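After the structure tokens below, expect a handful of questions from me.
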């Protein structure tokens, strides 16, 4: 424990409270697709995984099925593929160690057309090979490269413990880009069936970078509780920025909240003349925040109890 | 044309002079390896390409051979593979139009273990498969992802021609990350044989983002002449930053000079306690600037007059 | 009451016997899927419906789950989607009254993208939006149009009491087309996964009209006991044909039986060269008859005494 | 060409002669409202369509303006809305290929609230969402479902060419129901402002079935020349009935003529006690036949010049 890291429940809750109204977050209404859960169950059934891998897989799939809420106006292919790749990613940012060295040569075996060192890796590679079901060419390439980046980032995510982060460096953002896997979902925000890349890609591409900034910086705002205060992840993006800039993690959370603010501002600017484009990501962002809050089984935001400052729905002298 | 986009030869030379003196650029002594050029000629013969693709390949190989200079202290594997991927990437950034719809389905075809839509893409993918010859797993993966990004970025480079950059956006850096291909050479800076990822990856990785910034931004400083003043590229990083921030192109050029300045400062900061790594990338950056100056064929820096540093040993 | 309309249990049982012997109806074996019932239970659980509609939905779900047997060769998506739309349609054909007037402005709110005046209609519209899970584009269009027809027909089903159906007209078939909802189940016999429209639309489309005639007429035949003999529905297709053609109800029943006979024959003719398509609707029709019989909850066929046939009877 | 399909001009003229005298058709007096054509021109100006989609729109609107004659005693809302939907329907029935695959996902996008794949499709969706200007709830639902049927029918219509209407089947009527789009005009025969559904629907709904029969079959009779004799369409309803029953198209024309005869007689029967409705649909039928004759730019019914006997005129 070091004082330049820890943030109290009251302070973290206050940062969340300001962050929500800074972007005017209203919790979106519940979303229930009856097809997603049995479809993903059938998917897990079809895979040639070992036991304790499917047993854990169902446990993680209960979380994964909520990703379909992120794309309410998208076709079934978009939502189900997003849920499937969400399940595959959750199996990694949780259980990447149960495969050992298998992930280190995923990039080599993927380009060489060879079966992977682990079965789950072959499942992931086959999803990368079928990305064209719901995406365009550029989107498929980005999903492949973002999966490569995510696998290698999670492999080397923990290598910088003992405050390896030297000091003056831009490296926390580089590491967070590698570990984020944000671009995969950023491209599914504008699916190729609703918005074909042919016309709409030049419209939504200038907004993609702030979209991925928003995506990455929110598993760093909303999961900062689950991994740093409640856990021990001292290598997450907030802790890296703190270890390199000297600032406390509390200050870094305020910085990141204001960052998501500014990114949202410029997102509204870019997609303003294209109301349906903007509406798609406006649905996506609220569903993202919602799924982060509701999934207490992974992010534990319910345990954050602090003081209130009752507004009494009034302000009288 | 528009006067807002034009930077005179005087101005561009002044920017090059102050850029070189800000980072203390001594023009390095020339690098010669007798093995690189015949090896690359052998490679082009070995490639089952069409004619006029083997011929322009020789024309580009003249430019591509010199990149072994960027990695002096590295094995023949590092320098030769760098030269090979350079010939491939030069061919693409010049003549990606010649392949039609071949490049757009490269990515998926690569992950499915399929033959490519064009033979040149097959050669590129085969380079991606033998990056382990001189790199570790992390480096190989980064090369693969940066190659995918470069192919798609060059394909979608000129889509934004019709003053598409809306206005308030981080997009220019996002596009330059794709078109820049920087991470490949950045990983080649610290080879797996000399500094294996087993002990040195945690040492050099926190310096890759500034190194990629330096690499991306220098072909935007030194190649700004070949593509914007002499040429017509209005969709490069400088033009996009100017098109989105409203600033003049000259302003953004001096901004990027200061950017590479600060990145070099933090590179020296990061790699101070490991002198061998710092020397490796210092060699790389000096040779990179040198290669841009020498290659008047591609960058035309003989037509602009500018200053470097000298220490009363030009007589050597 | 009226003597022209009453059909004795002897008469109705005899008509059922001859109807099943005309089309060679073996009583099908039971179909069990463990997944369908709790899945529909969870579906009802997550609905934003009220109580006394969730409880009524639970009561109807026992009847609704049987529709999965109509598609025994189909994937789970087809079967369960059919079960859910069946649950909604069963809710409506009985308790359409309990939603006031929300059905009258259902179509406008659906096309306008407005949330419905009732939440049950919201669930129904969401099913209309996710028809793509198991159907092509033509099938989805047909399901939407058929749902609109069914809702408006059920809302105007009983507007023609007091023997409104005037004298001489083709109206009964038109109204039974509206209230039949048959096209939704017809397009589910050949789903998009097993027989994509891509190749099979031109093969099974000329067979939908007789299939929908069978579906429409067999509720009228096998529920005529539950709605007219044991009940009071005097505006169903049989009673309308009676009130308009002057023939007795007992006449119209066997007219309809001969009609389904002639439809089944031409269904066999059209689908002869495609044994896969043929077997699918063979299974559908057998299970449809079986569900009508076994659902004594709503059709009460256990009270009449009629005859199928079998030869190897013991089985299991 | 095949002998089973071609009708000689004398034969077709005789068929049309007997058809006209069977239904007692006196060509109605010319109709004109100065408001309509400039209003539709303003509407086409309002549309966000491309050029040559607006250049063709002016050409088709000249055909489409005459539809206001079909509803003389109706308000301007009914007449102008029918004219607008007629213009959209003509545009799609002629140039559905020009929109690519936009129509195939018209229904889903319509119920998901998403914008259409073509601007014209969004214009059509707006008409569907505002059908309540001149109709009741049932009429709006019928128009929406009939438009979905029309779009998918026009898509899949020619998919049954090359003689694949198998052999034994009810399919030609099933396809002509979808391609006909007849219900949209049939409901406008009894508009909601003059005859609200609040009272009159139980009076006129039994007459809708033969009215749609009349619309489909009358167009099939009067357009048979322009599409099968003069043109090339071998997938219209007449050719389909011929290809399934084995009859000649010459035969099927007379079959359909007598069918229209019967439907007209039963229409006169249904609306006998309600003369207000009977006069309205009489107006519609006269105007519909007349408009088929007048619009020689589309149906070319002036070109049927054929020998005929000469009678004598009495009352001397």
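Here the chain labels run A, B, C and D in written order, and each chain numbers its own residues starting at 1.
Just so it is clear, contacts are C-beta pairs under 8 Å (C-beta built on N, C-alpha and C of every residue); 3 or more make two chains touch, one makes a residue touch a chain.
K.L.:
Would you mind telling me which chain pair, A-D or A-C, is linked by more contacting C-beta pairs?
P.N.:
Answer to which pair has more contacts is A-C.
K.L.:
Counting in whole Å, what is the centre-to-centre distance of chain A and chain D, each centre being its mean C-alpha position?
P.N.:
Averaging C-alpha atoms per chain gives centres 54 Å apart.
K.L.:
If you average the CA atoms of chain B and of chain D, how many Å lie between those two points?
P.N.:
Computed value for the inter-centroid distance: 66 Å.
K.L.:
Calculate how many whole Å lie between the centre of chain A and the centre of chain C, each centre taken as the average of the chain's C-alpha atoms.
P.N.:
Here the centre of chain C sits 45 Å away from the centre of chain A.
K.L.:
Quick one: report the Å distance separating chain B from chain C, using the average Cα coordinate of each chain.
P.N.:
67
K.L.:
Any chance you could list the residues of chain C touching two or more other chains?
P.N.:
In chain C, the residues touching two or more other chains are 132.
K.L.:
Can the chain contact pattern be summarised as a line, a ring, a star, a complete graph, or none of these (other)?
P.N.:
other
K.L.:
Please list, in label order, each pair of chains that touches.
P.N.:
A-B, A-C, A-D, C-D
K.L.:
Which residues, counting only chain A, touch chain C once they are in their complex?
P.N.:
30, 32-35, 38-39, 42, 75-76
K.L.:
Show me the residue ranges of chain A that touch chain B in the complex, using the header's touch definition.
P.N.:
Residues in contact with chain B: 104-108, 110-114, 125, 128-129, 131-132, 137-138, 140-142, 144-146, 148-149, 151-152, 155-156, 159-160, 164-171, 173-174, 201-202, 205-210, 213, 266, 269-270.
K.L.:
Would you tell me which residues of chain D are touching chain A in their complex?
P.N.:
Its residues touching chain A are 112-115.
K.L.:
Quick check on the complex: what are the chain C residues that touch chain A?
P.N.:
Within the complex, chain C contacts chain A at residues 35, 39, 42-43, 46, 48, 76-77, 80-81, 84, 130, 132-133.
K.L.:
Help me check something: in the complex, which residues belonging to chain A touch chain D?
P.N.:
On the chain A side, the touching residues are 73, 194, 276.
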